[PDB]
Structures are given as C-alpha cells and as structure tokens.
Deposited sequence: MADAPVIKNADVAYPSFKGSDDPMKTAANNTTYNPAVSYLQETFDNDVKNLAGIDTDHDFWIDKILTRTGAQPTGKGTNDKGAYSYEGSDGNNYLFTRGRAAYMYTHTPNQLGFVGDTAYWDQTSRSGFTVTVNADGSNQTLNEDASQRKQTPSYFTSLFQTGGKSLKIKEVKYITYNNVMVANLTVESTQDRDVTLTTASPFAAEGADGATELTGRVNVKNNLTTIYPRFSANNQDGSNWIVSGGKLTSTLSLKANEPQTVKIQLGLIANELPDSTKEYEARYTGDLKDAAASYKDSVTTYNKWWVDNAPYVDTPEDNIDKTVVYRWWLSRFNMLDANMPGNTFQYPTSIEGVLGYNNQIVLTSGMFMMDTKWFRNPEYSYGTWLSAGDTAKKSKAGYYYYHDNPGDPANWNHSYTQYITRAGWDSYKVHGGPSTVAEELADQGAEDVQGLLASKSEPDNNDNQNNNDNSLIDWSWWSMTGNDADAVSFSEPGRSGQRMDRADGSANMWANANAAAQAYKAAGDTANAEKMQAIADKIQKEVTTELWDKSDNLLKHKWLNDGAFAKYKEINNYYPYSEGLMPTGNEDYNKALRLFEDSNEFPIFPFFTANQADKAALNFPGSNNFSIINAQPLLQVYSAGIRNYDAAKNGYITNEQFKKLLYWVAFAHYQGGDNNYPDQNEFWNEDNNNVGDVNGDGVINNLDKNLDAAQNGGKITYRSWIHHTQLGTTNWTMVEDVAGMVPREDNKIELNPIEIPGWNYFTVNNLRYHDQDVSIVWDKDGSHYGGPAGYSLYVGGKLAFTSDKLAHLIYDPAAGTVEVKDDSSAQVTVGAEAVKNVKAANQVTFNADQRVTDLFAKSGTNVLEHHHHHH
C-alpha cells in the first residue's frame, strides 16, 4: 500500500490548543507577534499571579496529575505506558533544574541538577500546627504548571489548614517557593525549611550558606538560603534550618517566600536575583513571582520564531518544541571546561550529555533562535571537546554517536546569523580538523573511532559503532565493515560546509583544499555507492565490495545533504521506495526499510523517534525540492503534509493535545492486536499497521521524558515557509506547498541582521494584508508573489527570479530594505552575548 493514501492522525484533547481565544492580538507580519502578544498580556496583568498567564504559559499549561495512560482514537480507548503524570518540574534556570521531582511535597523535592544531578533535594518544608508536623495532601486536581512556574494546593486531611504553593526557578538559578498559608482557626503555624545545599549559619542569623562541587567538579556553587514573612521580616536560622511561626487569624491567609540561590561566581546575576529576594525589592512573594515569570516569557519574544498554520495541533507542538530546545539546554558559563558555552543537551531529564550525532540535529532548530549564541555555542562546544587523533587531527566526540554533521549544521547556523571572518574561519578549522581526523581515523586505536579502515574517501563502520540499521543484519555479515552512504554523506556535508566557511572567511587556500576533499568523497560516493544494477544508493561491504542488500533511510543521506548531483535520471529513481508504506512508512516513521526488516524476520528494535522523523523529513524535503520526488509521485506534497501531521500527533500522550511529551522513543510493541494484515501471524507489522489506523496511537512512550532526539520545527521555517539560508545577501524561498493550507506565517526570524517574516494568505482574507506569498525584511514588505513558488530575491537589485515553472507574478515592496547583509558582513558588538563566546570588544 502507498504512503500517499495512508490515514491521517486524529488529534484529541482541547478545542483550542493554541489558546487563540486567550490572545486578541491582530497579526501584523511587519512586527514581532510575540512582542505585540507580550505587550497585550502585560496590559491584561500577565504575571501578577497564577490566574494571569502570558500566552506561551497558557499554551504549555499542564493541569492535574494527568495524563495516566488512558487515551482514545476515533475507534475507542487504548492504554499506553509512559504517561508523565505531570510529575516533572518544567520551571528551571539556565543551569538548575529538577532531574527528578516529587510534586506532592512542598519546596523542591527530588534530584536537583546544577548542570547534572546532585542527588540532593533543593529544600523541604515542614508545617507544624497544633504542636504536630502536619501531612499536607496535594489536591492534584489543583496542580497547574507552565514553563515559568508550578502551583498546587496542599491541605491537611481535616482541611483546617491549606497552603497554595507557587514555585519557580529564576533565570540565574534561584529556587523560590511562595507559600500562601490559611487556617480555619486562629493558629500559630511553625514553618521549617532545610536545604541539603546550604546548612551553615549561626542560630539567630537570617541566611544559611554552603559550597557544593557539581558533578565532575566542573564548578563550585555557593548556595545561599533565606525566607521572609508577608511583612518582610526574615526567617531565623535554627539548627541549620530556617524557621518562622505565623500568627494566623482564622480564614486570613499569610504568604511567605523561601529562596535558595544556587550561586556561581561565573553567573553574577545568580547573586543579584537571590539578594533581590532575600533583602531587596523582590522580597514580596508577588513581586518575586512577577519578575521571574515576566523574565521567563521575555525570552520567547527575544528568541523564538512565531509559527502559525491552519492546524493548531501542529502549531502547539511547534511551541512545545521551541520549549524542548530551550529546556534541553545548558547555559552555565563555566570557566575552563566546555560548558563555558550555551549548549544543546540530549535530554536533561535522561542521559543529560552532549552527543555529537544529536548536537548537529538540534542546531537545525536552534539556528532559528533569534540570538546566535543558542546554536554557535553548540558547535563551539563540539570544537572545544574534539578528540585528538593519533594522526594529529581533532574530531568531534561525545562529551558524556556513530556520526555527526556538526560542521554542516554550524555552517547552516552561520548562513542564518553570520559573523566576521574569525567566526567563519573557526567553524572551518574545527570542520577541517574533524573531516581530516575521520579520513585518517584508521590510526585510531579504539575500533569505534576508526571510521575509515580501508583508507579511502568513504566512512566505514561495523555495527559496534551503533540505530535500526537493518543493513548490518545481512546474513553472513556479522561484525563486517561497510563504506556507508550516511557516514560518507555527513563527512561530505562537513567538508563541503568547511569549504564554504573557509571561502566566507576569505581563506581561499583552505577553501580549495577542503573543496578537493569534498570533491573526492562525492566522486567516491557516486562511483562506489551507486548500484547501477537497481538504481539505488547502497552501502558497500569492505571485504568483497558487495552492495549491502538491506536498506534504511540512511541510504539516502547523500540526497538529504545535497551530495548527489541533481538532474540525474538514474539518481532520482532511487527515491521510488518512499512511494510504499511497505518500504518506508510515514507512521510509524522508521529508519529501517520495513520490507527488508520483514525479509530478515525482524532483527533489531521496533522503536521510532523524532531521531527517525528528522532525517525522514530531510530526505522528503531534499527529495521534493531537488530530486523530483513529487514530480515522480515518489514523495508527494500530500505525503509530506501527512508526515508533519503524524510527527505532531506522536508528541501527544494518548493523542491528547493537552499532554505533549517528547519521549526519547516510542513503539507499538505492547499494542495487543490480532492478524491485522491477514498474513497468518501476529508480529510487529500488525501492531504498527493498527497504530496507523483509526486516528493513530502510541502504546509505549519511553522512560526519558520532555527530551529531544532530533527536532523538527525547521520544517515550518524551511519547507512550509520555504526559507533557504544562504551565505549571500539574496533571500531564497523554496516552499513545499502543503495541500489545503490557504494560509500560514513564520514571524520574526532573525536572519542576516534582519527581522524576517513570511506569509501565505491565498486571498488575503485570513490576515487582512496582501493576498499571496509575502516576504517581510526589516519591518517592510520585500515582495508579494500571487502563488507559493521558488523565488530568489536580490534586495540590492530589487529583483525576484522565479526558479520553478510557476507563472508566479511577483511585486517588490515600494519600501523594500535594499541593504541586506551577506552572512560574512555581520559583526558582533559588546552587547551581543555571542561576542563573549569568541572573546567589551566587538567581533569584526
């Protein structure tokens, strides 16, 4: 059966997952929608309390101890494993978060992380009334959390005593708990708080302190711990704890505030945010809350693109994924070691490490954050942690991956944000070091670091360097090496990117040397990995030179990366396999060719993940845009659309848009079904086919939650809106038209020192502006096209070239900004954080 005719998912949950009725802001594509939203939110008292939310907090609101593993599709209820139960704590600072969390205990109970797990609670609160320490039961139906705070209601069994907790971690790692205490009777209530982080201080003091070496002694923190009563008096130290007795009048609440500053010398605002709350102007619970939540939400305005499609279920997953990219990051500014840079992390609630395979994948989205430090820091961190090879090169290496495209992803980031020659040259140099290290890696003593054991211009691996790579399951080939299409595409992509970065820097000699290396790898991929017998790109076994008979989407990375020449009839036929769900299904979105997996009686896992969806989307994108896949009917616009819908659907626990959670992976292994395909047997084909029917389901969600393992928001910016980053001053749009979508917008990209927005509004009726496909640069209309088309705009010349066979009618805006920089004309100044990554100086 064909992919073009598989069913769509059916989203469940809220009617208004983008909370459209909570945001009255009219869209003007010439300005930041999130800025205007924020302005209207503040006018409406956003941040004054937990009943007045900023829009992004409303969207990503999680209420209750929900969900619990009960979902529904169009046919009926299904059980699933791996509900998160709204038990993790979202609120976190740039370095501090809860690795584990006990939501039904006051304070911050669970494994506190400062970069990584400390095995310590942040702080606990004991409530003593009537002479007794009280059990405060959470009413979990009142549990509410957002990216910026957590709140719940705690009550004694007899309901004589209630505490509304509001807790939040500030940007610079102050862990704060507001407790609103109410008694039905006049009472003296003694609160005691204790922190494993800070227990040093004289009885009668108003602060406790400590010093804690973090995991792997990467730094030392100097925690300070204090609290105040509603009248601003401080809690007093007693026995290495803080204590206060409230004189409660019946039915009269009093609000206290506890703060633990996880203070680092290298983060001076950690001290400032703490001191403001200890004795400064943020002592009051309400002011402390409004400052933290406002600051949290300002980051979205400043960093996140705004994406709007006709499918608000996808839009909410896009907001959730900007949050995944922000939440799964470390910005600790640690001196010496690599965490001196803002870096993407592969699952802060999981393995919590920098994995080179996924680092390059994450930067496909983080490059779209408006500030370049949130992508540059990731590739600088890879360059700083690179492993010295026996041959004298430095190659990217996990800082606890069979492969990586960090240099290409870094180059993509530079094509978005730019920078001077020293930035371009640094990326090229770490890139060239890595490519050369891999080419020469036959000299690596660890066999898994040896990626070129026949010493040619192709990457080779054995299955020990790993991924669902069914190619390695070929009978008779256990432990054998093959020259890899994927490894070779990624090394080519790095080499090609390094050549481009050398050129952008002005380093002609190194640009030509890397171009020569790229040209050789490309020639060897097209000559050695092209199976002319069946017009497929295949891995090649080192021992006999035989093509690997079994296939995965990894076979197509030479297309994904643009290694393969275009306009080659034979090369373009390789993508025919994407026609068939039997070969490469849309959902579940597997890496392994499923016909191949079946031919071998199902070796490996039945798992699927965003790590499979991202490269599948990359193949679909390159396939459609460059290798004629939609013209051939191999990968149609409708199929691309269906994959976006399935990818969004997978994010939702039980298909319910209230409960987004990107697990490390999914499967249907526990999907209790019969012979659904009618082949005589109950195997994984049955579980997987059933899961794609009746609106979809995922019966197993893995134990690592709110993680990233690949990422997909780039599809909205680059395929739907069509943005093609370039080194030069020209803006290229190459949209993949989504059938039935009469509007969309990507708002407030930061691209070559310009605000950029893209609008599709078929007849202008949705946004009330120009009809058609419009680009905004610098707050002015650049151009409007009557249709979605492949357009290259030269702002310096005021020309738009129509590159496709559309008869697209384009008009250039009367006030178009002409002076759009090329990437290598962007400079950084002392007021850009990115300057501190490389250096009050400028980077020119």
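- Coordinate coverage of the deposited sequence is interrupted at 1-6, 407-414, 481-484, 858-860, 866-871, where no C-alpha atom was modelled.
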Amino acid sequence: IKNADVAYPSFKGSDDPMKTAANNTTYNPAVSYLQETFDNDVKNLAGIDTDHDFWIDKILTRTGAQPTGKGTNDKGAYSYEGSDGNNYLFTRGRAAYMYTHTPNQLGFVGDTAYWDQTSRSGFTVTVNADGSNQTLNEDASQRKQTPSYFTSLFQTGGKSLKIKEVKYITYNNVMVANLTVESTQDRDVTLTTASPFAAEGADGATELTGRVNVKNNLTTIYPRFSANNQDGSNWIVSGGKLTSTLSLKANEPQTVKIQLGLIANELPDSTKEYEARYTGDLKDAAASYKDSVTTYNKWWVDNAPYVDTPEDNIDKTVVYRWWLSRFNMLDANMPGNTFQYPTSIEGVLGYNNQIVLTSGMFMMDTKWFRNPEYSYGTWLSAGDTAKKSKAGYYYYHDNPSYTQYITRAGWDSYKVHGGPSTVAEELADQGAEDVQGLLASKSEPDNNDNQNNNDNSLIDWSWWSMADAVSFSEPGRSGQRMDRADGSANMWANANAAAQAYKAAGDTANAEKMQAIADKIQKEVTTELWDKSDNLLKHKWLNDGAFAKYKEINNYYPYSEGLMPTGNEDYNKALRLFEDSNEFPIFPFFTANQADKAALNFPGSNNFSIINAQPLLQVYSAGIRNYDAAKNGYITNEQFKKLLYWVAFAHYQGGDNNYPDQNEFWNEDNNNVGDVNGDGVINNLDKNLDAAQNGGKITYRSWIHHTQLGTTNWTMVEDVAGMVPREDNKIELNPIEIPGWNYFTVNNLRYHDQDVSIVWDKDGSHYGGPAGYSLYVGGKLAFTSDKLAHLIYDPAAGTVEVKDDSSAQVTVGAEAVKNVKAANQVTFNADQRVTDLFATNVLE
From here on, numbers count along this sequence of modelled residues.
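- Higher mean CA B-factor, judged across 194-202 and 648-656 from the recorded values: 194-202.
- Relative to its counterpart among 226-234 and 149-157, 226-234 has the higher mean temperature factor, C-alpha atoms as listed in the PDB entry.
- In the PDB entry, the Cα temperature factor peaks, among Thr711, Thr294, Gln451, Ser605, at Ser605.
- Ranking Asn371, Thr715, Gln515, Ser533 by Cα temperature factor from the entry places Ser533 first.
- In the deposited entry, the Cα temperature factor of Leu563 sits in the bottom third of values across the chain's modelled residues.
- The PDB entry assigns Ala77 a C-alpha temperature factor belonging to the highest third of its chain's modelled residues.
- When the modelled residues of the chain are ordered by their C-alpha B factor, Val256 lands in the middle third.
- Sort the modelled residues of the chain by CA B factor and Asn24 lands in the highest third.
- The entry lists a Cα temperature factor for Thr61 that places it in the lowest third of the chain's modelled residues.
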